[PDB]
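Note sheet for the following structure.
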4 protein chains.
Amino acid sequence: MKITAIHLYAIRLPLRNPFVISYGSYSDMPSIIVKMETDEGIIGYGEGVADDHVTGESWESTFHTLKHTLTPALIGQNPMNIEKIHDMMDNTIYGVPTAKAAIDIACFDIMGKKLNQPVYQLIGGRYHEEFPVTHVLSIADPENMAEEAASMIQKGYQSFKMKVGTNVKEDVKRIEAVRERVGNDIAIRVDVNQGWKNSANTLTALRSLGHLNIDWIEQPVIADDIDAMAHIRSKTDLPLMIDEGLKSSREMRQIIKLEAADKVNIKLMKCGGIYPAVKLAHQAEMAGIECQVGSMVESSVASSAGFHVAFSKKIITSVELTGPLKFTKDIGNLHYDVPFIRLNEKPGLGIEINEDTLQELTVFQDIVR
Amino acid sequence: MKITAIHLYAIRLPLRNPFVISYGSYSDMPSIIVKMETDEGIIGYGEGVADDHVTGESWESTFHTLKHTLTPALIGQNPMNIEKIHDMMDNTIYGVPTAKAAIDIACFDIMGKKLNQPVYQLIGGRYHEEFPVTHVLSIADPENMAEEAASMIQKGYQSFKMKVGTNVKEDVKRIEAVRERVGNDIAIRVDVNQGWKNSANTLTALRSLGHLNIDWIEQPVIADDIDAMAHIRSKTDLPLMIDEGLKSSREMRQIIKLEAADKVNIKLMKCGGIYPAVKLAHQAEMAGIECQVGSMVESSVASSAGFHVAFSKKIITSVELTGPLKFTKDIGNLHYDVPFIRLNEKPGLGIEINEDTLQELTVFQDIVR
Amino acid sequence: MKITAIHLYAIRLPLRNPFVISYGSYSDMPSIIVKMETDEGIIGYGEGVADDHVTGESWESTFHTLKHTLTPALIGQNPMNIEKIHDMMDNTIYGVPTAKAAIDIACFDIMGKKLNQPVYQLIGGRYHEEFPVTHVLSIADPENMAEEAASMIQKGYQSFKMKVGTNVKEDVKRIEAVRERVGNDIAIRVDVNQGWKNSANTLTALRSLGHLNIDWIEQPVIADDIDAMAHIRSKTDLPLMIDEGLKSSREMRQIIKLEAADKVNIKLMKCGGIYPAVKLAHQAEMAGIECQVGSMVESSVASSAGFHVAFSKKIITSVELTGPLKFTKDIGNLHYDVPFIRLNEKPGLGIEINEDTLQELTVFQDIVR
Amino acid sequence: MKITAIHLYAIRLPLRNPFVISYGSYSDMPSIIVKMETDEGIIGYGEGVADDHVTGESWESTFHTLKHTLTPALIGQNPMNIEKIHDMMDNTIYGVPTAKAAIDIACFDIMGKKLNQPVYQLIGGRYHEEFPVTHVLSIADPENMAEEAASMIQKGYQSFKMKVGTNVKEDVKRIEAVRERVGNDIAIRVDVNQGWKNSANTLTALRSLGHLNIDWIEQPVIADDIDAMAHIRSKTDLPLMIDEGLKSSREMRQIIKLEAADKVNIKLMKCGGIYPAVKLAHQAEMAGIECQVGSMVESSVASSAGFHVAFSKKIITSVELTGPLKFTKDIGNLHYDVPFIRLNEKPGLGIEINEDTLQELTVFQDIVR
Ligand SMILES: [Mg+2]
Ligand SMILES: [Mg+2]
Ligand SMILES: [Mg+2]
Ligand SMILES: [Mg+2]
């Protein structure tokens, strides 16, 4: 098989409400979509949604490194040889995981369609039947968050994720707020997106959260400080999860060596797609580190890609890909049986792309052959 | 898909000459072959060749743990879900990698045949085109080994592996013997199969081998002593490879933590097959540890299984599966283009089993449904 | 002071001869030039030359992250507050050191012009009077390199840098070749640009280079493996320098902690400019790690920026910015008194930009206000 | 530019009230002032206030090492080359940070005046707009301290620093005293100036201070024991700050290596001035250690010098230079907008020296040319 052409679509996925986190507010979500054509007529879709604050890739920058750097080197290349495809990309350019993920995903889509089989079947088979979905509450006021949780509660939701990290004294204020508001049977996990910066602030915050029964604290310090994470872990009994601090096997190695975390948040956009994500899961498994497959706010394309990885691995015990249900328009149709996700048995990503929706969301595009 | 029956064949592969190593001599090679039947009529072949001295599994013991423990729990199970298949096996019994490998291989064979694709395509695609084959010289006298190398030299062979480990003063005697005999362009690697026992003996031996230009020393100390391996590595500039010291991710973790080796020898029979072997490769990759896929003396069935793993991974840079060309009868037809191995494009293991040869080599058998 | 506009020029600097290294060959050098305008009429020039293989930034990608991400956030911002400028950039996007360097340099140019003083005066004053220039010999055949050195020898050159890393047995072949060719008074340093990959290969190579009197070995293993670097350093007496393995303070911290190197190669394009480079020098100083300011093949703009950092710091003992003398056309006029570099006393970068040359080299451009 | 002469003034700054700490009581504050003259008519002021108990420098000793050792070697030297100036001083004499600070400050004053720009503009630009000022309560009785805080409370003050360290059982007595007295919104930090000596006493004291909500504990053990500091940090969740334990990069390196502190108190008098202080800030930044610029009780001269460093660095988050507002007479006019400090835009230290006040406070003097 040979790649004959690659279409690049710089689109914008509309959000029902502004997504608010520690380092920024989002009114919508820019994304790069790729359509990969092969000499065998089989086509695959991939997606790259860049987060400037995490991987240093932007919407426009990703579009262009795909256009001028990665795609030209991929024409004529075989999408069935995933290891080879990644070797070529890594050799032509270092890093740029989001751009590489977009290509990786399309290759697996093509692979699955070609073998008339869902992606998870190409990376280990199906292991999970379903995963519960947890509702992420954007940074809001103590009662505005306690309330948004009250609503989702009466819709089946069993667990929530509170985004905090503006001010320790305030973030705490919001926690017991929703904890009290939802009883003591609703699971609660908190993500501070580096908001507490260092171990001193973090440890101070944690002493005020021991009675609230939090499942785990996610990335409390700045991404680059894995050392701080290990120091925190040495003085607290609250499970710790690393997110921005983990991108590729490079930091995975450090996390294992320093025993910096109880769990890691793997995101296709941080490591370069399905294949690299599988490698991370295998690495985390060796050290008994539990994994989660999270994501940037992504369309059905990347989201399903993430679920396929999740559904195929026993070490992946939680999932956080809810972009498709935050947008008012999606170019794909990944179906959620809220409060659960179950994958169908369809080939490739098991998704259908609405050409009309894609085209109306496209701000600019190009084709490379 | 569902497993409907599993046939177990306890066979014996005849050897052209006695295979001699540090802890034993072999006149032939006992092996367990498995034929897996599915409700879809698709059949797969797997193989388990036990080495009592390495994994504590024997020919008969493997046959029986397969018959009474593993196979009954696998009937009705789906061979397409490799992760699930291994989860079931691990849950019913700990360890027993050789027995599990036999089942793992048959599942991949079925998977490949089902998707009309070679195994390597299911675990990363094709990465390598070919690998050079190195000739293993069994433990013999200084001139008997120097000679056997002289022969293979004039047949294309570019690299050899000397099996040593009876007596340091003697093993050394054999090395310069063949080194001198073959010039200084022929690659030479030495495997002592734990023969030197500890770091003191090993370090003494190594000082007498610095001028001979050896590619690497393989497993010089007793398997369980990873610490000794790291100590040796701290005081020598000769690359070190761990073989018997590595079986599953359990020791891989220790090897990475202690920086005990430059390279590892992965064998499907030590870790439980293709899937576990792929996980080891990914783990070794995180630490920059080069991998080799070696083997016990195996028929075409396990041997091809090993090659499929090797051919799909950039981190695997050398290969050592030469059983098919040491036997006078093989139940399979894996083709070697000595001094190279190249895999064909056929589905599954890309091999054909000669029922007649299988049956004449079978000493006893059973079927489980 | 306020930034009123920023012009972006995607140019291409023509090379007299192809620049060859371990991971690629260059016929010319793509670069992004920035012209920063202020409400006070003072203008500054900056430059960003991306190396896809090191920081994962490309020519086009850098142009765009500058255009759509960094520059819009900088309009109205004060270029005199360098710490503030960097805070703004880091807050809007993570990494992207080459793009940030382009802006950093223009700000210092403006700062120097504004205070009618050379850049080095704004970062510690002048410390060095001059630095010797060493000639870099691109990867060639053993005698083609021995020869190119013979030539430069009779032009004043006192030290050379051999680019190697294709094959250990070959790279070595080239070393004694030029060493023998130039006597034993000519300094020789070797850069393998990750070519030997790991410590095993590296240590093997090093034993064959002990008699050649090499000043230091530069980045012998893959960038991400700082651990391998420390392991190598524990078993060799040859000074080691880290290049690609060092980008920002993030790896500097690791290098210090693990004692992975004797010296580091700081490049404005890897850390984000003059200010971050000064911080690295201060950090390296705390651990007694000697520094060198090297570079990507850059025009007079970034090259002088690098020299200003070098000339102001006692801890920086060698310099490697020779792009201006490899090009057949330069947009600036940095003057080299081969075999030495001395900086003038002119304000800012102390350079003059030839508008005509800039414009003829520009492939595409834009302006942001 | 060239230094033509250096005037040394041994003065005494009168204190409104006796300053009491763990290891001594002060009725006034001896200080050494330097006036540096250049061939360009530009003059700069510097200051050195020695603390015998911290750096082993005394009022008279500093005056003389300046007179007979440092100044003679500086005549004819260029004050614009700060890196060079420090190299010369370090080469002529080791340590003596207070004496060197006095010279360092005058050089920056001259530099700023020469470039008609404030000092902070020469070391990174302006980053901060203002810093809150915290009121330091000298060692007194439990109610005498609770009271002094009650007063300052009704003057805008938002945070206080309690000097303790005479007796654990007593020091604690004073803490809840003022904590109770000022409510739970007033920030409180405690400095024991080595008073608890070791980790045993310290850890015992800390268990009795967990409920009082202290921002951080400063230097609880003897200066030289960085190990004790790390041990304490391993068993407490209270942020720890090192003061006397930190002087130059020498101990900064140790603090980073052993993870001995959450924050450090940088003082120009302990490291040799503005330039060395900036280097410490950059070093602390690499490890994510927060910095504070504190001081000995200093006049407007050194105090402004300290603020210029503070205002230019994001890593410096708190400030403690309140000498100008403890004296009844100051030779300078640094203006405080209690409870805040904001620096003006004037060149150099942005201060004016009252010759008459200087002269009446001078006990003895000399001039060196
Ligand atoms: Mg997160
Ligand atoms: Mg072996
Ligand atoms: Mg280099
Ligand atoms: Mg203090």
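Note on naming: letters A, B, ... go to the chains in the order of the sequence lines (proteins, then strands), and numbering restarts at 1 for each one. Order of listing sets the numbers, starting from 1, for every ligand and every atom in it.
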Test applied, side-chain contact (heavy atoms from CB on, under 4.5 Å); reference residue, D:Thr166; option that passes from D:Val20, D:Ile139, D:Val192, D:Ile21: D:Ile139

Pair B:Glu298 + B:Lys326: basic N to acidic O under 4.0 Å: no

Salt bridge (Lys or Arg N to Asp or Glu O under 4.0 Å) involving B:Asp51 - partner list, sequence neighbours excluded: none

The Mg ion (ligand 4) - number of protein N/O/S atoms closer than 2.8 Å: 3

Pair up each side-chain donor or acceptor in residues 216-226 of chain C with any protein partner under 3.5 Å, not counting sequence neighbours, and list the distances.
from	atom 1	to	atom 2	distance (Å)
C:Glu218	OE1	C:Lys161	NZ	3.1
C:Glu218	OE2	C:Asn265	ND2	3.1
C:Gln219	OE1	C:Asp243	N	2.8
C:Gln219	OE1	C:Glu244	N	3.4
C:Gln219	OE1	C:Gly245	N	3.0
C:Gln219	NE2	C:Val221	O	3.0
C:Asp224	OD1	A:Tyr94	OH	2.8
C:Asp225	OD1	A:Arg253	NH1	3.1
C:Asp225	OD1	C:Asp227	N	3.4
C:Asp225	OD1	C:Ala228	N	2.8

Minimal non-hydrogen separation, B:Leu240 against B:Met229, with atom names: CD1-O, 4.0 Å

Pairing residues for D:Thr98 by the side chain to side chain donor-acceptor pair (under 3.5 Å) criterion, not counting sequence neighbours: D:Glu57

